[PDB]
Amino acid sequence: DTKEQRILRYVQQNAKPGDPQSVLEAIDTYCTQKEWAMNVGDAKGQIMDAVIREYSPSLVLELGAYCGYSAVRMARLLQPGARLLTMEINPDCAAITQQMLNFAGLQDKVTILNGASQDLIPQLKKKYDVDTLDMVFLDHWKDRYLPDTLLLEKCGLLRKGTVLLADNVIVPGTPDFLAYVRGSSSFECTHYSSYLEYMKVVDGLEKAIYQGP
Ligand SMILES: Nc1ncnc2c1ncn2[C@@H]1O[C@H](CSCC[C@H](N)C(=O)O)[C@@H](O)[C@H]1O
Ligand SMILES: Cc1ncccc1-c1cc(O)c2nc[nH]c(=O)c2c1
Ligand SMILES: [Cl-]
Ligand SMILES: [Mg+2]
């Protein structure tokens, strides 16, 4: 088996079906005690939780699903009727994420989109019936953060007040994205210093609120 299959099995055997918090705790435990994995983690996750509660977004887009940790984390805080779309290029991980969501009982709130973000983003309006996004969580691959931000704007998916929340802006680091949003009059940016998941290594989230053209 893979690490990702081992994480899912650990949740299935150490969490309670229908209890998102137990799912997050099981993943955290496994990845602290057994095998590190690139989930956003509890330290940065607590910052995400505070942001989701502040904005109560109706429609969230996540870029990069992995095993579903962040999708569980966000979807558990959504209001009835609110929705999350999560894009995942690796089909093995999409299959893990679906099973994780099902186990957590959050499958009604979350849709997996299979493919590369750069291919799926241009389909969101016509194929997926999206108007604009309330929040975007960028956590796929560092070199896609800036191009996909620009693509979201081109496609008409951002509105005044859309919240972009980007993981890993320190480690691995996203210097072109940070320089761009922090220099742009079209974003209002805040940095939330934290720690790399499961490690005593500094990292951070960036929040960049879109202002309009
Ligand atoms: N262009 C792209 N589009 C979609 N998914 C991508 C991508 N490039 C990488 N990925 C996916 O992005 C993921 C990064 S890890 C995501 C972790 C998750 N947000 C969490 O916190 O639980 C991987 O599963 C990888 O396959
Ligand atoms: C894998 C890794 N090694 C050392 C340091 C950091 C990482 C790391 C951590 C993350 O949170 C990631 N999130 C999304 N996508 C990634 O590529 C990614 C990589
Ligand atoms: Cl952590
Ligand atoms: Mg990350």
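Numbers here are sequence positions counted from 1. Because only heavy atoms are used, hydrogens play no part in the values below, and waters and symmetry mates are left out as well, while side chains stay in.
- The side-chain heavy atoms of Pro147 and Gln118, taken from C-beta on, include no pair separated by under 4.5 Å.
- Nearest heavy atom pair, residue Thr132 against residue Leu59, reads O-CD2, 3.8 Å.
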Does the pair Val72 and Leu106 meet the rule for a side chain to side chain contact (heavy atoms under 4.5 Å, CB included), with working shown? CA-CA 7 Å; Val72 168; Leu106 291 169; 4.0 Å; yes
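- In this structure, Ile121 and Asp148 have side chains that are in contact, with non-hydrogen atoms separated by less than 4.5 Å.
- To the nearest 0.5 Å, atom SG of residue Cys67 and atom CD1 of residue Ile96 are 6.0 Å apart.
- When hydrophobic clusters are built by joining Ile, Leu, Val, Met, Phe, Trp and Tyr residues whose side-chain heavy atoms come closer than 4.5 Å, directly or via intermediates, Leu205 is grouped together with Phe187.
- Under the 4.5 Å side-chain criterion, counting only non-hydrogen atoms from C-beta, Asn39 is in contact with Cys31.
- For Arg6 (side chain) and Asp1 (main-chain N/O), a donor-acceptor pair under 3.5 Å exists by modelled atom type.
- Atom CD of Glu25 is separated from atom CD of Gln21 by 4.5 Å, given to the nearest 0.5 angstrom.
- In this structure, the side chain of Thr162 does not engage the main chain of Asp134 through any donor-acceptor pair within 3.5 Å.
- Crowding of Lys154 atom NZ: a count of heavy atoms from other residues, nucleotides or ligands under 6.0 Å not exceeding 12.
- A pairwise comparison of heavy atoms in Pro213 and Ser186 identifies C-OG, 3.9 Å as the closest pair.
- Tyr195 and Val40 sit in two unconnected hydrophobic clusters of ILVMFWY residues. Membership requires side-chain heavy atoms under 4.5 Å apart, directly or through other members.
- The side-chain heavy atoms of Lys125 and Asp131, taken from C-beta on, include a pair separated by under 4.5 Å.
- A distance of 12.0 Å separates CD of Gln12 from CD1 of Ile7, quoted to the nearest 0.5 Å.
- Scanning both residues, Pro122 and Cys155, for their nearest heavy atoms gives CA-SG, 3.9 Å.
- With hydrogens and angles ignored, the 3.5 Å screen pairs no side-chain donor or acceptor of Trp141 with any backbone N or O of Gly64.
- With hydrogens and angles ignored, the 3.5 Å screen pairs no side-chain donor or acceptor of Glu88 with any backbone N or O of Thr86.
- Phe177 and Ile47 fall within a single hydrophobic cluster, where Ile, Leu, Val, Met, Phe, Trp and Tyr are joined by side-chain heavy atoms under 4.5 Å apart, directly or via other members.
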Would you sort out whether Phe137 and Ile52 count as a side chain to side chain contact (heavy atoms under 4.5 Å, CB included), showing the intermediate values? CA-CA 11 Å; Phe137 181 50; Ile52 291 280; over 6 Å; no
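- Remark: the backbone N or O of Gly204 is not paired with any side-chain donor or acceptor of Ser194 at under 3.5 angstrom.
- Side-chain contact check for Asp139 and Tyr66: no donor-acceptor pair (N or O, by modelled atom type) lies under 3.5 Å.
- Residue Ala116 comes nearest to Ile89 through the heavy atom pair CB-CD1, 3.7 Å, listed as atom of the first residue, atom of the second, then distance.
- Remark: of the listed residues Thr111, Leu124, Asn114, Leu124 is the sole one forming a side-chain contact (heavy atoms from CB on, under 4.5 Å) with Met87.
- Two residues are said to be in side-chain contact when any heavy atoms from C-beta on lie closer than 4.5 Å; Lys160 and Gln211 fail this criterion.
- Side chains of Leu152 and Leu61 form a contact here, defined as non-hydrogen atoms less than 4.5 Å apart.
- Proximity of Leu165 to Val136: side-chain heavy atoms (C-beta onward) are nowhere separated by under 4.5 Å.
- Hydrophobic clustering, with ILVMFWY side chains joined whenever heavy atoms are under 4.5 angstrom apart, groups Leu150 together with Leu138.
- Side chain to side chain, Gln123 and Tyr128 fail the donor-acceptor criterion of an N or O pair below 3.5 Å.
- In this structure, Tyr145 and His140 have parallel ring planes: the angle between them is below the 30° cut-off, well short of the 60° mark.
- Side chain of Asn14 to main chain of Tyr10: a donor-acceptor pair is present (N/O by atom type, distance under 3.5 Å, no hydrogens or angles).
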May I have the step-by-step check of side chain to side chain contact (heavy atoms under 4.5 Å, CB included) for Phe103 and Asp19, ending in yes or no? CA-CA 8 Å; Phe103 186 96; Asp19 174 348; over 6 Å; no
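- Between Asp176 and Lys142, no side-chain nitrogen of the basic residue sits less than 4.0 Å from a carboxylate oxygen of the acidic one, so the salt-bridge criterion is not met.
- Residue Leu77 holds its CG atom at 11.5 Å from CG of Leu84, rounded to the nearest 0.5 Å.
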After noting the C-alpha distance and the side-chain angles of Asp92 and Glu4, does the key distance pass the side chain to side chain contact (heavy atoms under 4.5 Å, CB included) rule? CA-CA 9 Å; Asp92 296 290; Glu4 297 76 32; over 6 Å; no
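- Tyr192 and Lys207 share a donor-acceptor pair across their side chains, judged by distance under 3.5 Å alone.
- A donor-acceptor pair under 3.5 Å is absent between the side-chain atoms of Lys109 and the main chain of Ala82, judged by distance alone.
- Side-chain atoms of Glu153 never come within 3.5 Å of backbone atoms of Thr149 as a donor-acceptor pair (strictly under, hydrogens ignored).
- The shortest distance between side-chain heavy atoms of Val201 and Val171 falls below 4.5 Å.
- Note: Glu62 CD to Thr97 OG1 = 8.0 Å, rounded to the nearest 0.5 Å.
- Judged purely by atom type and a 3.5 angstrom limit, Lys3 uses its side chain to pair as donor or acceptor with the backbone of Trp36.
- No side-chain donor-acceptor contact under 3.5 Å links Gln46 to the backbone of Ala43.
- Linking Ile, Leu, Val, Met, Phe, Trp and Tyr residues whenever their side-chain heavy atoms come within less than 4.5 Å places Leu78 and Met74 in a single cluster.
- Going from atom CZ of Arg73 over to atom CG of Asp49 covers 4.0 Å, rounded to the nearest 0.5 Å.
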